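This document opens with one chain alone, in structure tokens, the form deposited in one PDB entry.
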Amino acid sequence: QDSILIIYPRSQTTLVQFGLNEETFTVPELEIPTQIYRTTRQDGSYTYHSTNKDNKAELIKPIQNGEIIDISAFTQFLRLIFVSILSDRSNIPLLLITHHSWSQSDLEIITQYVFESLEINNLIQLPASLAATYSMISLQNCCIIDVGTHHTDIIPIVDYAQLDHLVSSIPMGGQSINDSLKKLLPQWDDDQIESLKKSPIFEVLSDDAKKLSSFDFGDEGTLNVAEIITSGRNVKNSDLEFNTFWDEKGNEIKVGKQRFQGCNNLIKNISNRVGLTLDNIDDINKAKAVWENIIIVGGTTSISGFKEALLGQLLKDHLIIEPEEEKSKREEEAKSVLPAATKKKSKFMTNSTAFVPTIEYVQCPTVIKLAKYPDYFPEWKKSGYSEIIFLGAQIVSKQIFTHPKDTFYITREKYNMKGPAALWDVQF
């Protein structure tokens, strides 16, 4: 038609796009908080609904760290999404984006609730990683580092497939930046720290940017309250010692080296887990390919200088390259053949990272690159995870509409025949 309901539930929000367009195609029309209010009846049976009854009803957050911690709350949340749909704008195909942590149990329950309760005829359960994959055509091997608030997912993909046994997460994310900043500024409150993290002047500096000027990175930042320069009732930020940012209460606050600190721990942990993860990819060439295509997404990653720092840490830790001391020894030894006055003029030059043949090793990676995004993204927001997931989901949609000969989704007929286990005959 295409009237497709695409739902993408996350820990803290949920993106919903009703219908497909393909001309003036659109970003998610609806973004709602992932939550549902829940009351209890006389016998302990739960009544789920959209809004709290006065002050009395229990707020439930069905998704934590991308996982479904309460499946019933979640299903009811879907029901309320369809209510919230028909109320503004009746049989529509549902395309639900899934998370790697969701069990088979979870998925089967989702299927049974989608058919026997929501009474819709067509279901598609599409892994987020595979949607994101399909968004970028002809990209076969890659690794998704997705940094959330409380957790970071690492999702390696080989031959268009998610490697479930290598997929893991670490209990660190945006909030850990807040924690380490709090350790660096024990006097500030949490809102000022949060405002600092979201401020324009908050950026991770390159080792170039660190070495050039200022301060000296290796302590406590200051044992003093937040410096309030102003309040109410243009040169490189890297080069200034002190800089300014604004609070949510309308406070102009000065800040020092702390605006350059807070992400080291997170990126180091991430780099470790990534290292082990890709180290356990069985085929060497597939692993090489994966290393050449690194995807860094997540809200936290929109912080200025973050992605470059994570890539930098990946190279620092994991890149296979001749030790600088050895290479310099070979360079000097090779230069011994030159006349002493050519050697003389070669000494204080900026080295060409040259002359003699590089040492080739029998391991990967010798190359670590972020995967380059294709031309057709513009624009907001920072061409993130949401955008590519929805693009991929749209691609899948078109792919199954234009192929009537194939049925590559769950149908009411097939659900009637095999039950919820009909889900497993249609896998990406």
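From 1 onward, residues are counted along the sequence shown. Just so we're on the same page, rigid core means the largest C-alpha set that superposes within 1.5 Å between forms.
With respect to the deposited sequence, how many residues separating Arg89 from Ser90 are not represented by coordinates: none, 1 to 3, 4 to 9, or 10 or more? 10 or more residues lack coordinates between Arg89 and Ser90.
Using the PDB record, quantify the missing residues of the deposited sequence between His165 and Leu166 as none, 1 to 3, 4 to 9, or 10 or more. In the record, the chain runs straight from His165 to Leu166 with none unmodelled.
Average Cα temperature factor in the PDB entry - higher stretch of 247 to 255, 309 to 317: The stretch with the larger average C-alpha B-factor is 247 to 255.
Which is higher on mean Cα B factor in this entry, 336 to 344 or 181 to 189? Per the PDB entry, the higher value belongs to 336 to 344.
Per the PDB entry, maximal CA B factor within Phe74, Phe202, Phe242, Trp102: Answer, based on the entry's C-alpha B-factors: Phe242.
In terms of recorded Cα temperature factor, pick the maximum from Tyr113, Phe260, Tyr160, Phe82. So the option with the highest C-alpha B-factor is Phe82.
By the recorded C-alpha temperature factor, relative to the other modelled residues in its chain, which third is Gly221 in? Tercile = highest for this residue's CA B-factor.
Per the entry's values, where does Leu30 land by CA temperature factor relative to the rest of its chain, in the lowest, middle or highest third? Tercile = middle for this residue's CA B-factor.
So where's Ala57 on the chain's Cα temperature factor ranking, which third? Ranked within chain, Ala57 CA B lands in the highest tercile.
Of the three thirds of its chain by CA temperature factor, lowest, middle or highest, which one includes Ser11? As the PDB entry reports it, the C-alpha B-factor of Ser11 lands in the lowest third of its chain.
Compared with the other modelled residues in the chain, in which third is the CA B-factor of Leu126? Lowest third - that is where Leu126 ends up once the chain's C-alpha B-factors are sorted.
Keep in mind the form deposited in another entry is missing from the figure; the text below concerns it.
Option from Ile68, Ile368, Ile388, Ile36 moving between the shown form and the other one, CA shift at or above 2 Å, rigid core reference: Looking at each option in turn, only one qualifies, and it is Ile388.
Rigid core superposition, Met136 Cα moves 2 angstroms or more between the shown form and the other one: Where the cores coincide, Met136 still shows a C-alpha shift between the shown form and the other one that is 2 Å or more.
Superposed on the rigid core, does the Cα of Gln399 end up 2 angstroms or more away between the shown form and the other one? Yes, the C-alpha position differs by at least 2 Å between the shown form and the other one.
Answer yes if the Cα of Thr26 shifts by 2 angstroms or more between the shown form and the other one on a rigid-core superposition, and no otherwise. Yes; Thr26 is a residue whose C-alpha shifts (by 2 Å or more) between the shown form and the other one when the cores are overlaid.
Using the form shown as baseline, tell whether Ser386 and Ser302 are closer or farther in Cα-Cα distance in the other form, where the change reaches 3 Å or more. Closer: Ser386 and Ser302 approach by 3 Å or more in the other form.
Could you tell me whether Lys382 and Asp179 have their C-alpha atoms closer or farther apart in the other form than in the shown form, knowing the shift is 3 angstroms or more? Relative to the displayed form, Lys382 and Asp179 move farther apart in the other form - a change of at least 3 Å between their C-alphas.
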